[PDB]
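Undergrad:
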RNA sequence: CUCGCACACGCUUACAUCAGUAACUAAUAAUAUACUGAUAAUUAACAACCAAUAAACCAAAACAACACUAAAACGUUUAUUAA
RNA sequence: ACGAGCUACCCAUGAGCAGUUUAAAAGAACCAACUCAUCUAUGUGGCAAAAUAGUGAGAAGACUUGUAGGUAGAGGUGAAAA
RNA sequence: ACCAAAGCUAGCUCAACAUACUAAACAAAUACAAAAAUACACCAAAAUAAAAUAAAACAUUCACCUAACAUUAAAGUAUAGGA
Ligand SMILES: [K+]
Ligand SMILES: [K+]
Ligand SMILES: [K+]
Ligand SMILES: [Mg+2]
Ligand SMILES: [Mg+2]
Ligand SMILES: [Mg+2]
Ligand SMILES: [Mg+2]
Ligand SMILES: [Mg+2]
Ligand SMILES: [Mg+2]
Ligand SMILES: [Mg+2]
Ligand SMILES: [Mg+2]
Ligand SMILES: [Mg+2]
Ligand SMILES: [Mg+2]
Ligand SMILES: [Mg+2]
Ligand SMILES: [Mg+2]
Ligand SMILES: [Mg+2]
Ligand SMILES: [Mg+2]
Ligand SMILES: [Mg+2]
Ligand SMILES: [Mg+2]
Ligand SMILES: [Mg+2]
Ligand SMILES: [Mg+2]
Ligand SMILES: [Mg+2]
Ligand SMILES: [Mg+2]
Ligand SMILES: [Mg+2]
Ligand SMILES: [Mg+2]
Ligand SMILES: [Mg+2]
Ligand SMILES: [Mg+2]
Ligand SMILES: [Mg+2]
Ligand SMILES: [Mg+2]
Ligand SMILES: [Mg+2]
Ligand SMILES: [Mg+2]
């Protein structure tokens, strides 16, 4: 008979069966059947300038390590937002109603890169 | 290896944990009470003890209910607590005769009924026993509000009761916006069935419906850690302020 | 690169360092394949292991900044929406959500998937519990037997 | 007369609404909260879909009388 | 509404326990029908 | 007149008769999947 | 002595380069399309994927001129839309 | 429960029949491809769990044939051979 | 003298206790022909278990056989059975 314990891919079926191997679509079908490739859907790779950048893929052996401290949501708040809040409260300018000046954002849909929906791929 | 808790108690212990635990106590108390329904098909014997005609001795007798099958079609109407009777029979009523499968079905009728509490007409598939119970209770609204869940055996009936029970507790002025005097008369007769609001919206709910309702009330978006940390910082600052 | 060293670098710095690693990793992969073609060993193959470790550490630290910032703004643990569902087989499956331009009730394909267990699944769900119980029961008794066996051959107590 | 439609071929009519919707002053319990079908819960009734921004290909065809050149007089072409 | 009774006797269970039901306890006989009464 | 070759291969027929989609469309078919998952089969269906 | 090239359906690297075969595979030996190890490969123009609604239109394919009975697969144009 | 990828019948969608004889594409005639399997001989753990060689019947039809779909065991299907 | 012979671990069985019961893994893809990012929906359902067997045949009947809440006794007693 046939092998039921192998990978079912496009190469096994007839000419009708053409399954992609995992690529992301970059367009659709137009009027005449010519593939209309949308410019926006193409992933535009963004690269910096490494000419004036001094850093190497390897680190010196004599460079000491450090105590592995994973970043915590509490430590980040105490590092960035706490000094601004603390100074304002001591000066009497703290406003519990509005916290947008400290980096808090009520709704994510306003900004370009959401967080909970995870808009950006990487 | 054997189960520590018997299998028959798995469903009962399912109610003691999770979302089922946070359900209101009054709803759970009514659900766990499995009272024997009013006999419909079988004819019970009043006496607990009977004398054997052959033996001429005092013996104990017990009523055993006859199982009855309720088709899903019944839940859309009011059958009065009855349904299909599944069983066997003997042809010619002789023991030494053939054994035959027999199904007895109730005779269904199409009627539209009027409810004073809701002032709406419902075309409900009713049986002759349901109409007799309506006359016995001296009112369609009385029949729904007096017969318990085990006697009604219809999800439409429970929802119909819940709709009217909420109507009385809320005292909605929408029953008759133009006849306030008529509104007072209608709710005066059913004043004995008035129940508080927290009890009137859970009488017609099944187990699945209640869990969805409980989740909807408890559906809360997570509180951002920015708000939690701001409150923590303010407490320390006020604590330091009061320390000087 | 160790994890701690990359936390001191700025986000702009990490972006530039990723491509420096990227160009290094491509060269190492080219050399490794060329080694197989020439039937000769790859010169110091541990370089590739070091680079991929640096890549993973760089990915971890940026992800440590993304989730920490997400918790402050929104408080959600996972960046992809989802909910616990019970599939037709009776299991509990974490169903990740997908992006659609139309709501759930207007989707032909989505409305064909079923998230609930039919009554006949109850018996099969029960049997899976028994199978896992026996596997764990056998494992626990095996640990006891080894402890007794080793004590006899090592009576140092 | 003899209408040329056939009951089986024509699109079926929507299923009858659940009895809960017929009870005045009673909020039905639907499965729209969990955005998937569940037995024992009432079928939700949704308002017609209203896309905020119009899309050319995927929008419904505009009515003929919406065209600016539409005229009541019947011209033969 | 039909009214039926079992042909075969059911053994007792006097401590508030559900009695044992056998196949031969499913054999019913129609003793009276409520629609035929005057 | 010379039996023995009753199996004529076809991917369209094989995936339509014993496919994973068909197994999940009938209530009896789902029980087949459940039995094979319980037994520990490597391949539940084609 | 003569069932040859190609496509569809099916099989799934069994194909190619190099090396080895004491033994495994070929119903034997040489040996290698069939056994073992390493490396390599099939590049789209062909093929799959490849719009919706309303309206006009009784008039067969058989060299189709024109006909037979068993009454026949096979669409264009106008209008409104189409990233 | 699972089976109409073989087979019986049917619904879709396709594809084949060259020459010769006749006003004929007439369930006519000669004879290939093609489809059935009459008679005999080999074969009988065989090349083959039904074949090979010779010889035969139809070969513009109630004909062969590819792809895919439908009917499931108290049944399906059948130009009845249980 | 060939072919062979010997070993004691892998793990398993039956309980007990016991938390209270679908493990491990889920970055991406998974009910289009599963593991194929992306389009106007339909969605769903129940009807007593039967028989092999025992009565030396077999028709009424035939323990357990889905749902009991246990143990020492009442007791294999009262009753139910082509009795
Ligand atoms: K092959
Ligand atoms: K078929
Ligand atoms: K052969
Ligand atoms: Mg196989
Ligand atoms: Mg293919
Ligand atoms: Mg092919
Ligand atoms: Mg193109
Ligand atoms: Mg007792
Ligand atoms: Mg076979
Ligand atoms: Mg075939
Ligand atoms: Mg093979
Ligand atoms: Mg050879
Ligand atoms: Mg060679
Ligand atoms: Mg080779
Ligand atoms: Mg077929
Ligand atoms: Mg010819
Ligand atoms: Mg002829
Ligand atoms: Mg021959
Ligand atoms: Mg011959
Ligand atoms: Mg001869
Ligand atoms: Mg001939
Ligand atoms: Mg002839
Ligand atoms: Mg079938
Ligand atoms: Mg038959
Ligand atoms: Mg025939
Ligand atoms: Mg005959
Ligand atoms: Mg005969
Ligand atoms: Mg016998
Ligand atoms: Mg005997
Ligand atoms: Mg029996
Ligand atoms: Mg008697």
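Chains as they are written, first to last, in the entry's author numbering: chain Bq, 14 to 135; chain BE, 2 to 245; chain BF, 87 to 243; chain Bm, 30 to 106; chain BO, 53 to 90; chain BJ, 50 to 95. Ideal placement from N, C-alpha and C gives every residue a C-beta, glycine not left out.
(1) Flag residue 194(BE) as yes if its beta-carbon sits less than 8 Å from any beta-carbon of chain Bm, otherwise no.
(2) Using a cut-off of 9 Å between C-beta atoms, extract the partners of residue 57(BO) located in chain BE.
(3) By a C-beta neighbour count over all protein chains shown, 10 Å radius and 16 as the cutoff for buried, is residue 159(BF) buried or exposed?
(4) I want to check one thing, is the minimum distance from the CB of residue 67(BO) to the heavy atoms of ligand 8 below 7 Å?
(5) Note the first and the last residue of the continuous beta strand (DSSP E) segment covering residue 32(Bq).
(6) At what residues does the beta strand (DSSP E) containing residue 84(BO) begin and finish?
(7) Identify which residue in 232(BE), 162(BE), 188(BE) has its Cα closest to the Cα of residue 174(BE).
(8) Looking at the C-beta of residue 157(BE), does it have a partner C-beta in chain Bq at a distance below 8 Å?
(9) Mind checking the region 207 to 232 of chain BE against chain Bm and listing, in chain order, the residues whose C-beta falls within less than 8 Å of any C-beta there?
(10) At a CB-CB cut-off below 7 Å, which residues of chain BO make contact with residue 107(BE)?
(11) In the DSSP assignment, find the alpha helix (DSSP H) that holds residue 211(BF) and state where it starts and stops.
(12) I need the DSSP call for residue 123(BE), collapsed to helix, strand or coil.
(13) Which residues does DSSP pair with residue 179(BF) in a beta bridge?
(14) For the alpha helix (DSSP H) holding residue 110(BE), just list the boundary residues, first then last.
(15) If you draw a straight line from the C-alpha of residue 105(Bq) to the C-alpha of residue 232(BE), how long is it?
(16) Are residue 114(BF) and residue 68(Bq) closer than 8 Å when you measure CB to CB?
(17) Taking the alpha carbon of residue 164(BF) as the reference point, which residue from 95(BF), 177(BF), 178(BF), 182(BF) has its own alpha carbon closest?
(18) Whose C-beta lies closer than 8 Å to the C-beta of residue 119(Bq) among residues of the same chain, with five residues either side of it excluded?
(19) In three-state terms, what does DSSP make of residue 205(BE)?
(20) If you draw a straight line from the C-alpha of residue 92(BE) to the C-alpha of residue 19(BE), how long is it?
(21) Which residues, taken in chain order from the region 31 to 59 of chain Bq, show a beta carbon closer than 8 Å to some beta carbon of chain BE?
(22) What residue does the beta strand (DSSP E) around residue 40(Bq) start on, and which one ends it?
(23) By the 10 Å Cβ neighbour count, where 16 or more other Cβ atoms means buried, how is residue 30(BE) classified, buried or exposed?
(24) Would residue 72(BE) count as contacting chain BF if we go by Cβ distances under 8 Å?
(25) Is residue 58(BJ) near ligand 5, in the sense that its beta carbon is under 7 Å from a heavy atom of that ligand?
(26) So, for residue 172(BF): in the same chain, excluding its five sequence neighbours on each side, which residues have a beta-carbon less than 7 Å away from its beta-carbon?
(27) Give a yes or no on whether the minimum CB-CB distance between residue 116(Bq) and chain BJ is below 8 Å.
(28) My guess is that residue 157(BF) and residue 86(Bq) are in contact by the Cβ rule of under 8 Å, so how many angstroms apart are they, rounded?
(29) Between 82(Bm), 64(Bm), 83(Bm), 51(Bm), which lies nearest to residue 189(BF) when the distance is taken from Cα to Cα?
(30) Which residues of chain BE have a Cβ atom closer than 7 Å to the Cβ of residue 209(BF), listed in chain order?
(31) Buried or exposed: where does residue 125(BE) fall if 16 or more other Cβ atoms within 10 Å of its Cβ makes it buried?
(32) Buried or exposed: residue 84(BJ), going by 16 or more other Cβ atoms within 10 Å of its Cβ?
(33) Give the DSSP-derived three-state secondary structure of residue 31(Bm) in the structure shown.
(34) Name the one or two DSSP bridge partners that residue 99(Bq) has.
(35) Tell me whether residue 47(Bq) counts as near ligand 7, meaning its Cβ is closer than 7 Å to at least one heavy atom of that ligand.
TA: According to the structure shown:
(1) no
(2) 43, 44, 67
(3) buried
(4) yes
(5) Element bounds for residue 32(Bq): n/a, residue is neither H nor E.
(6) 80 to 85
(7) 188(BE)
(8) no
(9) 207, 209, 210, 213, 214, 216, 217, 220
(10) 53
(11) 207 to 239
(12) strand
(13) 171(BF)
(14) Premise fails: residue 110(BE) lies in the beta strand (DSSP E), 109 to 116, not in any alpha helix (DSSP H).
(15) 16 Å
(16) no
(17) 182(BF)
(18) 113
(19) coil
(20) 54 Å
(21) none
(22) 40 to 42
(23) exposed
(24) no
(25) no
(26) 178, 201, 202, 203
(27) no
(28) 4 Å
(29) 64(Bm)
(30) Correct list: empty, because the minimum Cβ distance to chain BE is about 11 Å.
(31) buried
(32) exposed
(33) coil
(34) In DSSP, residue 99(Bq) forms no bridge with anything.
(35) yes
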